[PDB]
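Below is one structure; the comments refer to it alone.
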Number of protein chains: 2
Amino acid sequence: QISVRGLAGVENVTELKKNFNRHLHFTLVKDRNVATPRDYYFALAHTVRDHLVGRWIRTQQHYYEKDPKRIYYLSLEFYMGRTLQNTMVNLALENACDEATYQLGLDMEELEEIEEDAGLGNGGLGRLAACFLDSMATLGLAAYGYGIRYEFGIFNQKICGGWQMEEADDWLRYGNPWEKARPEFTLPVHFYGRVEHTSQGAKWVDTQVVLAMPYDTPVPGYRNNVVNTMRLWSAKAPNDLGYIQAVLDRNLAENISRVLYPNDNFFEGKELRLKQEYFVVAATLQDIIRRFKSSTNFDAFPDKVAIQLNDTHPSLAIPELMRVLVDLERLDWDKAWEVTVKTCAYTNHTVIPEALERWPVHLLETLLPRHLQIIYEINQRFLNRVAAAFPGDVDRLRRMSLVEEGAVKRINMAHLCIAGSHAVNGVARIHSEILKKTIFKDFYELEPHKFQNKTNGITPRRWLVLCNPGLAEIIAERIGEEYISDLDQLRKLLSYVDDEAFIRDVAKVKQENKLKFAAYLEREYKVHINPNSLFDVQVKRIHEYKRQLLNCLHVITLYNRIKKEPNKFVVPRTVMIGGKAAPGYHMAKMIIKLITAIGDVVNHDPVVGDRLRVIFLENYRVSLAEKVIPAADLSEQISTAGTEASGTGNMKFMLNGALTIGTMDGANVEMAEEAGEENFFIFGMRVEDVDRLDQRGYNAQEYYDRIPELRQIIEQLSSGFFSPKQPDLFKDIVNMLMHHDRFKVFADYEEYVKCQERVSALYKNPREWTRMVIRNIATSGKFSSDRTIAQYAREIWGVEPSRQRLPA
Amino acid sequence: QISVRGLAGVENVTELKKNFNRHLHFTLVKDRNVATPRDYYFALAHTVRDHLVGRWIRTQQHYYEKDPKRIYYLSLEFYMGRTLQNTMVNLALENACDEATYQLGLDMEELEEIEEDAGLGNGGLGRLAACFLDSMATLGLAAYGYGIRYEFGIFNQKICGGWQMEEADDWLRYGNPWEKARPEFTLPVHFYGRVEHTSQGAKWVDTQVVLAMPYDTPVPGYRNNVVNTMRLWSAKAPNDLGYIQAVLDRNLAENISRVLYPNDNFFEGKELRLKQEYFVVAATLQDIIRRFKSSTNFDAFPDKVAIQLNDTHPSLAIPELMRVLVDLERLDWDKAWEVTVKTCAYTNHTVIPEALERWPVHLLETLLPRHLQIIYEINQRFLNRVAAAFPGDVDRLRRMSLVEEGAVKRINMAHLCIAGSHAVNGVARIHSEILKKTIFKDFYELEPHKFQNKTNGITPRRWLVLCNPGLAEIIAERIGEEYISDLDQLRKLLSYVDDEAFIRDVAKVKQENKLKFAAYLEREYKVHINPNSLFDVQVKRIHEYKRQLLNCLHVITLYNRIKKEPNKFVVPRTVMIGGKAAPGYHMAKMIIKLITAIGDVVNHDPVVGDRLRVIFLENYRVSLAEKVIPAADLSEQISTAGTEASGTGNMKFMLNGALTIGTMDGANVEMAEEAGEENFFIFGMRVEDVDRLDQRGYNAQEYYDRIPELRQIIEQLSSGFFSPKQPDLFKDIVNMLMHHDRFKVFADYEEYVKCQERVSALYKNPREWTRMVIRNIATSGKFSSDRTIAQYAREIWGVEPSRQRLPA
Ligand SMILES: OC[C@H]1O[C@H](O[C@H]2[C@H](O)[C@@H](O)[C@@H](O[C@H]3[C@H](O)[C@@H](O)[C@@H](O[C@H]4[C@H](O)[C@@H](O)[C@@H](O[C@H]5[C@H](O)[C@@H](O)[C@@H](O)O[C@@H]5CO)O[C@@H]4CO)O[C@@H]3CO)O[C@@H]2CO)[C@H](O)[C@@H](O)[C@@H]1O
Ligand SMILES: OC[C@H]1O[C@H](O[C@H]2[C@H](O)[C@@H](O)[C@@H](O[C@H]3[C@H](O)[C@@H](O)[C@@H](O[C@H]4[C@H](O)[C@@H](O)[C@@H](O[C@H]5[C@H](O)[C@@H](O)[C@@H](O)O[C@@H]5CO)O[C@@H]4CO)O[C@@H]3CO)O[C@@H]2CO)[C@H](O)[C@@H](O)[C@@H]1O
Ligand SMILES: *Cc1c(COP(=O)(O)O)cnc(C)c1O
Ligand SMILES: *Cc1c(COP(=O)(O)O)cnc(C)c1O
């Protein structure tokens, strides 16, 4: 139907229908009289999967022939979402399948909604891994994604009485047609035991063994016939144990890959989590060595292998590589260390202290005896280096140590990663600068060459073509289809900023997206929004640093002003906030309840009418993001300056036609820099302002006494205006805002409200609002993960990206 | 190659090769350069499975159209074994696939050995369920096998230092291509809770819920295009639960279908086992009712439904049916009871007291509150009936009660089954008689019409055509192929008893089978047997009543006689004993060690040479039975008269050309009756003799004092002749034989040894031994499970069997 969805040839459609019926019959063992939409979704999925296998097999064969340098991306999270439509898009099969299903009397869009999201991630960090795999395949890199196949991903969020309830995400219930179990490649992982020191070196013995079974999922590049692999490990117990209990206790070993820890930017030192981290690391490294030996001196190891650590979660890769090289291969320490540093690279994702991994020594000592010895040895040699470079600087030695002293000794995994990696990067310019100015300043001074920046990005395939066909289409009509795999070309759209036709089309697509979402909202949630109002949306994990609370304050302010002057005109808005809170993050759960509570007052106030609506989007996940983002007008990125390392949701909104209101934080800075500050709604303290406020001391009371509108809001919360039956329900919120606000919500309130008035003024002028929108879209090319990946490839991994098509 | 394996048409072979390559590519995602035998086995399996689906779908459709009476076989065990070859046989695809694989350069027999046995059974009872499903499909009955999909079947037995070691049977590791998960038909099962009595009747509330997910496996009839279904339930936890632990505790609910209790003819009142029994029953009945309502008065229920209980394991079906009819459908008690009795039938499998299920009331009270109330109510009305028929007979009331009084009240599940069933049958004439003369005498006097006999049988497909192609072939050359689905025809072979050619062929096939097994024994076990010796084999679960110990005594006697007169001629023998012992059956584990210990002395004694060898066949299972049975000369069926209800292994040996030495027990009686006593080696006490011995009192000492050869053997065991480093290792064995032998091993020793001398005398005359063999094979037709099933169908279920071919 639309150009970018590919061609629908008669032979292709005919063959697709044939294979669809074959799978429904032979694979699902069903007939058209008993089949359900679910059965139809699976028949189509297996049909599309088939077109993938041929390419998957020759791609891997190609890598065996050419034997290029291999990139290994280690992450405990891969927030994939659905893969049916994405596969059709990358294979140019969308229109053919749409026609083929149409002729079979089926609605393809209805079938796509049946697929379960592969929610093996928490948010930012995990989605980045997903976008990265896509870009790596699209750039012809011999890359492999390695992780854990959690049988339960991020929990499904339900709202009961305004509160969040967690439900197990049993995403494998009906099966996963995309993965291929490879039980023949199972590997053993060791735990516990003890260390014996012989004349032949150290030996790790009397260990408990857990098997790692791999499941491979194909990762298709964009129309280049390249299909890479994402290998996920599953835990299995050895078969060799009264008898019944021994068999039942197998679950203890298999619990390792049972569930994803639902923590976003927060560390929890639990033993099960440490086992998961070592489990993925140990199995992946054996696989890497095995594949390498099929290519015995490891001097060439770094020339054939690149290991990228997504945060510190897979940090044990460093001492595990040393263990294998030293203990098993028998290389001398110094040589093994050279190899390790040259193959490992580390990416930091946050600077907040509570997110930093610091494992108690007594834990590593019991679970991984040998690794702790190796870490201590790495530390000694590292401090000897620090001592020799900064003679007499004793405090520097204690600050840089990988071992933190105190009541309980801990291992700072971030320090371990810096020491054992040849490259350390932040995820946005301002974040990377902050890393060498503060948190890792001592390390930067010792080895300035290791620090780099690699600004995050998102894939234009899933985040434009797949979720916003209408926009991709009207862009293609004017500049072609080349931008899809080279986003910088969108810059050519700057020529149509005055084109009356384009302006009308951009505005038309947005309205259609809003209508479609307003409908979806009513269908699956029986809510009630006005498609003409401004869609003000803030979707991301619930966090105090992300400041959904600042957003709440604005909402209440709008409401109080309306009640103040009921018959005054105000731009209509539909404020949508969505996101999950970690199960044990009390404050985050309280913020969700506040949001729904505000909605209960505002949405049922007759005087407000349909001028203001506050909706809480439940179970925010990748598939939901693909729906709400294209329909948004205003993107809320209001974290306190210096806290959001980069952000990626911000980029998604920019690419889909929404204007951005936000602080100079993370990538917001580079976005505004790319679009021009006049085309962004920047407000609030800059990083320097937050620093001055801390030096002096943050006194929330001051803002409370000087801003009557703010005072009124706080008093309403305290008196129980938003919780009649529970007058003090929100006392924790008020107390935190007034006395223990680490994120200075009040400090940015005034400027935020003023800035919000200016976006309202611009929305009243449809033509000008849309022209500013065109200006944002036209300059968002830099935030394509293809650019990001090409920089990692050239500046860290030492490989050259390719657009060369692979033989079909 | 051989006639009975079907035709190998050019088009069929061509199509098979094509589909084989398609599955290797698209399904296994492999290429001929990386594929392993395992991959090849799977490619072939999926290819054969395909030919099954078309028939599977129309068969079920056919039943929907015709709506015939449905047979539901409830069993907690289905000892299936491998299904690849059996499927080819029933579909006449064996030769085509053999050729197709040959042309692809593969050995089909090698690929078949890769398939894992579906060992979801313990022995007799479970294999009977498997043979039954096969016969029911072959006789065109609308039958469904219902059970539990254990993820761990009967343990794999390994021998270490002569001792049995149990290893988890992870049969699903590489996947099961035969099953089809049907998560869309998941059903809820309730546990615990309490009972509320309202004005609207009883209500079972506050229950814990466990989901039952079904997996369907196709069951093809023999060349009739009928494919029935075996539905196995798997336990799954509901999704609605700190957070992590709640997700991990899901394993508690899913443990229900984790493993098969490895007990053969022995009861263990564990809670997990009771949950398994209710789990299979509750899910199956909802499925039965649901399917019935798609055919509201239940007066016609018994006309459309037959429920067969394989032993008392699924006995809760009776009170569960009452619960649903009374509590949910609201039928009056009396009406519901009439329906229940008319749809349920019970099959008893043993008379040994330790095997009888007697569940403690406090257990049923906690786990199934409502069912216990229903059982009490069933009991009261039943005893009122007994009281009215036998006025004043108070002791009769206590004996017939379903509730056993004492320190701990228990529910006799066998009494529950008799009361709620319209038919109760034994599994062999002598067993069924024993049921009404002793154990169920009171019940037989109250309702003589309920008692019947249904002598067990085995399927001639798996137990002749599949495991002994050579014999089936030479039989077919002379009388055609019709006998395969009508075993009585083998009786026509009696005409060739004097045919010199036939005699030579029968003897040739046996020798080839022995050579092939002697080879297999050396390949996978590096053992060392002489193909010319007599193959004396006893394979079955290890039990004191089966008397492997009596066999051991003969072995030692042969050995002692050889040492006595070294240069005397004796017919060479290879004594093979195999079978698993339940993990907690100490005595059974001791018997295995004795057997291997005897082998250590006998097999390494230079004077004996290759005149006597004692081998312990480890990990005896269905696939192993298919190999050793065809190669046997002598079948050992020596249980103490009155203990082996029927036996089925005995039948397998008779059909495959082995002569039988055994007691007048179980089906041995009917076999000897069919072949003629002169063609059987019967010895020992009859049931009447065991009774007289008990009245008088069994004194093992008497036999010890009167039989010097027996005394010598006992003294060797005591002094440590078979355990030098552990002189008293077998003190438990000796003590049991001498003072607490419930099975009177010594009482049959003398006659057993004498009878064994006569089989040796006959083996010295090849021609006559073979003629007696032909006489056994020719009269084994009665023991076909097709005959058994036709009798159940006509005398219990009320349906007529069919040989009508179904449209291809
Ligand atoms: O096998 C070679 C090696 O073995 C032996 O050394 C090992 C140690 O026995 C073992 O304990 C481990 O040493 C760790 C140490 O346990 C751990 O606490 C850490 O120590 C650091 C501090 O973390 C760091 O702060 C700094 O300490 C300062 C302190 O901060 C300051 O306030 C004040 O207290 O002075 C302290 C020292 O001046 O430095 C120490 C270490 O200098 O890290 C240690 C090393 O990682 O591992 C050792 C080697 O593996 C033998 O004893 C040794 O001879 C052999 O060379
Ligand atoms: O709702 C209708 C019904 O409810 C109530 O009756 C119920 C009982 O309250 C309840 O306990 C249960 O009764 C069971 C009984 O608990 C259980 O022990 C069993 O009793 C049998 C013995 O098993 C049997 O041996 C025999 O007992 C002899 C005994 O052997 C002999 O040695 C000597 O002791 O005398 C005894 C009696 O003469 O018979 C008893 C019963 O006669 O089975 C009972 C019934 O299954 O369930 C009852 C009904 O569900 C009300 O009390 C009653 O009025 C209502 O009709
Ligand atoms: C892109 C995305 C995120 C990251 O959003 P931020 O606003 O950077 O935190 C989180 N969750 C989902 C489902 C996403 O698609
Ligand atoms: C047939 C069979 C049995 C039953 O044998 P009996 O001698 O009757 O106990 C047990 N196990 C297997 C594997 C069988 O094939």
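The way I read the labels, and the way they are meant: chains A, B, ... in the order of the structure tokens, residue 1 as the first residue of every chain, and ligand 1 as the first ligand shown, with later ones counted on from there.
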Closest contacts (chain A/chain B, max 7 Å, only C-alpha atoms) as a Markdown table:
```
| residue | atom | partner | partner_atom | distance |
| --- | --- | --- | --- | --- |
| A:26 | CA | B:50 | CA | 6.1 |
| A:29 | CA | B:53 | CA | 6.5 |
| A:50 | CA | B:26 | CA | 6.1 |
| A:53 | CA | B:26 | CA | 6.3 |
| A:167 | CA | B:240 | CA | 5.4 |
| A:168 | CA | B:239 | CA | 5.2 |
| A:174 | CA | B:183 | CA | 6.2 |
| A:183 | CA | B:174 | CA | 6.2 |
| A:239 | CA | B:168 | CA | 5.2 |
| A:240 | CA | B:167 | CA | 5.4 |
| A:243 | CA | B:583 | CA | 6.6 |
| A:247 | CA | B:168 | CA | 6.8 |
| A:248 | CA | B:255 | CA | 6.9 |
| A:255 | CA | B:248 | CA | 6.9 |
| A:583 | CA | B:243 | CA | 6.6 |
```
Could you write those residues out with N, CA and C atoms, as an mmCIF file, in the first residue's frame?
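Output contents, as saved in selection_2.cif:
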```cif
data_model
loop_
_atom_site.group_PDB
_atom_site.id
_atom_site.type_symbol
_atom_site.label_atom_id
_atom_site.label_comp_id
_atom_site.auth_asym_id
_atom_site.auth_seq_id
_atom_site.Cartn_x
_atom_site.Cartn_y
_atom_site.Cartn_z
ATOM 1 N N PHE A 26 0.640 -28.536 9.030
ATOM 2 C CA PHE A 26 1.716 -29.373 9.549
ATOM 3 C C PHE A 26 2.376 -28.913 10.850
ATOM 4 N N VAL A 29 -0.812 -27.953 13.445
ATOM 5 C CA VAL A 29 -1.758 -29.067 13.433
ATOM 6 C C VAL A 29 -3.166 -28.533 13.689
ATOM 7 N N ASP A 50 11.015 -18.638 8.125
ATOM 8 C CA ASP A 50 11.608 -19.428 7.050
ATOM 9 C C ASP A 50 12.510 -18.593 6.138
ATOM 10 N N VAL A 53 16.056 -18.101 7.750
ATOM 11 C CA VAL A 53 17.027 -19.188 7.902
ATOM 12 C C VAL A 53 18.094 -19.312 6.824
ATOM 13 N N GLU A 167 2.817 -8.697 38.092
ATOM 14 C CA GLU A 167 2.360 -9.988 37.618
ATOM 15 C C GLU A 167 3.488 -10.615 36.817
ATOM 16 N N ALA A 168 3.724 -11.901 37.030
ATOM 17 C CA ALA A 168 4.779 -12.613 36.326
ATOM 18 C C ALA A 168 4.597 -12.527 34.809
ATOM 19 N N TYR A 174 3.112 -19.640 25.298
ATOM 20 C CA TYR A 174 2.682 -20.160 23.999
ATOM 21 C C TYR A 174 3.840 -20.513 23.073
ATOM 22 N N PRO A 183 20.861 -27.368 22.326
ATOM 23 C CA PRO A 183 21.334 -28.216 23.428
ATOM 24 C C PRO A 183 22.640 -28.955 23.158
ATOM 25 N N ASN A 239 22.703 -34.315 35.206
ATOM 26 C CA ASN A 239 21.808 -35.428 35.531
ATOM 27 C C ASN A 239 22.257 -36.318 36.684
ATOM 28 N N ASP A 240 23.554 -36.311 36.984
ATOM 29 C CA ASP A 240 24.091 -37.132 38.068
ATOM 30 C C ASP A 240 23.836 -36.526 39.446
ATOM 31 N N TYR A 243 15.525 -39.993 46.630
ATOM 32 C CA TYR A 243 15.525 -39.862 45.175
ATOM 33 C C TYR A 243 14.609 -38.760 44.646
ATOM 34 N N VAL A 247 15.692 -34.990 42.668
ATOM 35 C CA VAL A 247 15.215 -34.594 41.361
ATOM 36 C C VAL A 247 14.537 -33.230 41.445
ATOM 37 N N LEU A 248 13.769 -33.009 42.508
ATOM 38 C CA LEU A 248 13.066 -31.736 42.689
ATOM 39 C C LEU A 248 14.015 -30.574 42.982
ATOM 40 N N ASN A 255 17.251 -22.012 38.787
ATOM 41 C CA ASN A 255 16.675 -20.722 39.171
ATOM 42 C C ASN A 255 17.537 -19.567 38.686
ATOM 43 N N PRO A 583 9.688 -3.092 42.168
ATOM 44 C CA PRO A 583 8.868 -3.629 43.262
ATOM 45 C C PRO A 583 9.189 -3.144 44.682
#
```
Each residue of chain A lying at most 10 Å from ligand 1 should get a row with its shortest atom-to-atom pair and the distance in Å to one decimal, counting only C-alpha atoms and all ligand atoms; could you produce that, ordered by chain and increasing number, as a Markdown table?
```
| residue | atom | partner | partner_atom_place_in_ligand_line | distance |
| --- | --- | --- | --- | --- |
| A:361 | CA | ligand 1 | 17 (C) | 9.7 |
| A:372 | CA | ligand 1 | 47 (O) | 8.8 |
| A:373 | CA | ligand 1 | 50 (O) | 6.0 |
| A:374 | CA | ligand 1 | 50 (O) | 7.0 |
| A:375 | CA | ligand 1 | 46 (O) | 6.8 |
| A:376 | CA | ligand 1 | 46 (O) | 3.6 |
| A:377 | CA | ligand 1 | 50 (O) | 3.6 |
| A:378 | CA | ligand 1 | 46 (O) | 6.6 |
| A:379 | CA | ligand 1 | 46 (O) | 4.0 |
| A:380 | CA | ligand 1 | 45 (C) | 4.2 |
| A:381 | CA | ligand 1 | 46 (O) | 7.7 |
| A:382 | CA | ligand 1 | 46 (O) | 8.3 |
| A:383 | CA | ligand 1 | 42 (O) | 7.0 |
| A:384 | CA | ligand 1 | 42 (O) | 8.1 |
| A:387 | CA | ligand 1 | 42 (O) | 9.6 |
| A:394 | CA | ligand 1 | 31 (C) | 6.9 |
| A:395 | CA | ligand 1 | 32 (O) | 6.9 |
| A:396 | CA | ligand 1 | 30 (O) | 8.7 |
| A:397 | CA | ligand 1 | 26 (C) | 5.7 |
| A:398 | CA | ligand 1 | 25 (O) | 3.5 |
| A:399 | CA | ligand 1 | 25 (O) | 6.8 |
| A:400 | CA | ligand 1 | 25 (O) | 7.8 |
| A:401 | CA | ligand 1 | 23 (O) | 5.2 |
| A:402 | CA | ligand 1 | 23 (O) | 6.8 |
| A:403 | CA | ligand 1 | 23 (O) | 4.5 |
| A:404 | CA | ligand 1 | 23 (O) | 5.5 |
| A:405 | CA | ligand 1 | 23 (O) | 5.8 |
| A:406 | CA | ligand 1 | 23 (O) | 9.5 |
| A:409 | CA | ligand 1 | 18 (O) | 7.4 |
| A:410 | CA | ligand 1 | 23 (O) | 9.2 |
| A:411 | CA | ligand 1 | 23 (O) | 9.1 |
```
Residue subset to file, keeping C-alpha atoms, as a short mmCIF file (atom, residue, chain, number, x, y, z; two decimals), in the first residue's frame:
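Output contents, as saved in selection_33.cif:
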```cif
data_model
loop_
_atom_site.label_atom_id
_atom_site.label_comp_id
_atom_site.auth_asym_id
_atom_site.auth_seq_id
_atom_site.Cartn_x
_atom_site.Cartn_y
_atom_site.Cartn_z
CA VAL A 361 34.10 -9.64 49.55
CA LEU A 372 38.63 -12.95 44.23
CA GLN A 373 42.32 -13.93 44.32
CA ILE A 374 42.74 -12.69 40.76
CA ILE A 375 40.97 -9.41 41.56
CA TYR A 376 43.26 -8.83 44.57
CA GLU A 377 46.27 -9.50 42.36
CA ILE A 378 44.94 -7.15 39.68
CA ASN A 379 44.45 -4.51 42.38
CA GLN A 380 47.96 -4.79 43.81
CA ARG A 381 49.69 -4.40 40.46
CA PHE A 382 47.34 -1.53 39.65
CA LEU A 383 48.07 0.36 42.87
CA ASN A 384 51.80 -0.21 42.38
CA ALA A 387 52.03 4.72 43.53
CA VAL A 394 48.34 7.95 49.82
CA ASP A 395 44.73 9.10 49.68
CA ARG A 396 44.76 8.58 45.92
CA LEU A 397 45.65 4.93 46.49
CA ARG A 398 42.65 4.41 48.78
CA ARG A 399 40.32 6.17 46.32
CA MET A 400 41.49 4.21 43.26
CA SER A 401 41.64 0.79 44.91
CA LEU A 402 39.25 -1.82 43.49
CA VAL A 403 38.72 -2.79 47.12
CA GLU A 404 36.69 -0.46 49.31
CA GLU A 405 37.53 -0.66 53.01
CA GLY A 406 35.05 -0.32 55.84
CA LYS A 409 34.97 -4.88 52.36
CA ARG A 410 33.52 -4.53 48.86
CA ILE A 411 34.80 -4.73 45.31
#
```
Tell me which protein, DNA and RNA residues are within 12 Å of residue 138 (chain A), counting only C-alpha atoms, leaving out same-chain ones fewer than 3 positions away, and put them as a CSV table (one decimal) with N, CA and C atoms, in the first residue's frame.
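Okay, this is what ended up in out_7.csv:
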```csv
chain,number,residue,atom,x,y,z
A,90,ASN,N,12.9,-5.5,7.8
A,90,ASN,CA,14.3,-5.7,7.4
A,90,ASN,C,14.5,-6.6,6.2
A,91,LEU,N,13.4,-7.4,5.9
A,91,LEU,CA,13.4,-8.3,4.8
A,91,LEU,C,12.6,-7.8,3.6
A,131,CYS,N,18.8,-2.0,20.1
A,131,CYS,CA,19.0,-1.1,19.0
A,131,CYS,C,20.4,-1.4,18.4
A,132,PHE,N,21.4,-1.7,19.3
A,132,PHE,CA,22.7,-1.9,18.9
A,132,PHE,C,22.8,-3.2,18.0
A,133,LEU,N,22.2,-4.3,18.4
A,133,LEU,CA,22.2,-5.5,17.6
A,133,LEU,C,21.7,-5.2,16.2
A,134,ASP,N,20.6,-4.5,16.1
A,134,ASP,CA,20.0,-4.1,14.8
A,134,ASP,C,21.0,-3.3,14.0
A,135,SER,N,21.7,-2.3,14.5
A,135,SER,CA,22.6,-1.5,13.8
A,135,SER,C,23.9,-2.3,13.4
A,141,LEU,N,28.7,-6.1,10.5
A,141,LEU,CA,29.7,-6.5,11.5
A,141,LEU,C,29.5,-7.9,12.0
A,142,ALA,N,30.5,-8.6,12.2
A,142,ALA,CA,30.4,-10.0,12.7
A,142,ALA,C,30.2,-9.9,14.2
A,143,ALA,N,29.0,-9.5,14.6
A,143,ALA,CA,28.6,-9.3,16.0
A,143,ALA,C,27.7,-10.4,16.6
A,219,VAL,N,19.2,-12.1,14.1
A,219,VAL,CA,19.1,-10.7,14.1
A,219,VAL,C,19.4,-10.2,12.6
A,220,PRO,N,18.3,-9.9,11.9
A,220,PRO,CA,18.5,-9.4,10.5
A,220,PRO,C,18.9,-8.0,10.3
A,221,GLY,N,19.9,-7.7,9.4
A,221,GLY,CA,20.3,-6.4,9.1
A,221,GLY,C,19.2,-5.8,8.2
A,222,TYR,N,19.3,-4.5,7.9
A,222,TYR,CA,18.3,-3.9,7.1
A,222,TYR,C,18.6,-4.1,5.6
A,223,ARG,N,17.8,-4.9,5.0
A,223,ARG,CA,17.9,-5.3,3.6
A,223,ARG,C,19.2,-5.5,3.0
A,224,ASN,N,20.1,-6.1,3.8
A,224,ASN,CA,21.5,-6.4,3.3
A,224,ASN,C,21.8,-7.9,3.4
A,225,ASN,N,20.7,-8.7,3.6
A,225,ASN,CA,20.8,-10.2,3.7
A,225,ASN,C,21.8,-10.6,4.8
A,226,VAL,N,22.1,-9.8,5.8
A,226,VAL,CA,22.9,-10.2,6.9
A,226,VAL,C,22.0,-10.6,8.0
A,227,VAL,N,22.3,-11.7,8.7
A,227,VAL,CA,21.6,-12.2,9.8
A,227,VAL,C,22.6,-12.6,10.9
A,228,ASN,N,22.7,-11.8,11.9
A,228,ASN,CA,23.6,-12.1,13.0
A,228,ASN,C,22.9,-12.9,14.0
A,459,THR,N,17.5,2.9,16.8
A,459,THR,CA,17.4,2.4,15.4
A,459,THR,C,16.3,3.0,14.6
A,460,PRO,N,16.6,3.7,13.5
A,460,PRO,CA,15.5,4.3,12.7
A,460,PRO,C,14.5,3.2,12.1
A,461,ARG,N,14.9,2.0,12.1
A,461,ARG,CA,14.0,0.9,11.6
A,461,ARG,C,12.8,0.8,12.5
A,484,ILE,N,16.7,5.8,5.6
A,484,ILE,CA,16.4,4.7,6.5
A,484,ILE,C,17.7,4.0,7.1
A,485,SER,N,18.7,3.9,6.2
A,485,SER,CA,20.0,3.3,6.7
A,485,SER,C,21.1,4.4,6.7
A,486,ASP,N,20.7,5.6,6.7
A,486,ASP,CA,21.6,6.8,6.7
A,486,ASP,C,20.8,8.0,7.1
A,784,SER,N,21.0,8.3,15.3
A,784,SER,CA,20.7,7.0,14.8
A,784,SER,C,21.8,6.1,15.4
A,785,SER,N,21.4,4.9,15.9
A,785,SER,CA,22.4,4.0,16.4
A,785,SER,C,23.4,3.5,15.4
A,786,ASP,N,23.1,3.8,14.1
A,786,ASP,CA,24.1,3.4,13.1
A,786,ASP,C,25.3,4.3,13.3
A,787,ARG,N,25.1,5.6,13.6
A,787,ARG,CA,26.2,6.5,13.7
A,787,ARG,C,27.0,6.0,15.0
A,789,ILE,N,27.2,3.1,16.4
A,789,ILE,CA,27.9,1.8,16.2
A,789,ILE,C,29.1,2.0,15.3
A,790,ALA,N,29.0,2.8,14.3
A,790,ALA,CA,30.1,3.1,13.4
A,790,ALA,C,31.3,3.7,14.2
A,801,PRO,N,32.9,-0.6,9.4
A,801,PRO,CA,31.5,-1.0,9.0
A,801,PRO,C,31.3,-1.1,7.5
A,802,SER,N,30.3,-1.8,7.1
A,802,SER,CA,30.0,-2.1,5.7
A,802,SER,C,28.5,-2.0,5.3
A,803,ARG,N,28.3,-1.5,4.1
A,803,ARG,CA,26.9,-1.5,3.6
A,803,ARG,C,26.8,-2.4,2.5
A,804,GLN,N,27.8,-3.2,2.2
A,804,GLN,CA,27.8,-4.2,1.1
A,804,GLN,C,26.7,-5.2,1.4
A,805,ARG,N,25.9,-5.4,0.3
A,805,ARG,CA,24.9,-6.4,0.4
A,805,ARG,C,25.5,-7.8,0.3
A,806,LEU,N,24.9,-8.8,1.0
A,806,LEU,CA,25.4,-10.1,1.1
A,806,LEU,C,24.6,-10.9,0.1
```
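Contact shell of residue 18 (chain B) at 12 Å (only C-alpha atoms; same-chain neighbours under 3 positions omitted): residues 11, 12, 13, 14, 15, 21, 22, 23, 24, 25, 43, 44, 47, 97, 100, 101, 103 and 104 of chain B.
Those residues that approach residue 429 (chain B) to within 12 Å, counting only C-alpha atoms, are residues 434, 435, 436, 451, 452, 453, 454, 455, 456, 642, 644, 645, 646, 664, 665, 666, 667, 668, 669, 670, 671 and 673 of chain B; same-chain residues fewer than 5 positions away are not listed.
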Residues within 10 Å of ligand 3, counting only C-alpha atoms and all ligand atoms, as an MDAnalysis selection string: chainID A and resid 79:81 119 121:128 131 264 456:458 463 538:543 546 578:580 619:626 629 635:639 644:653 666:667
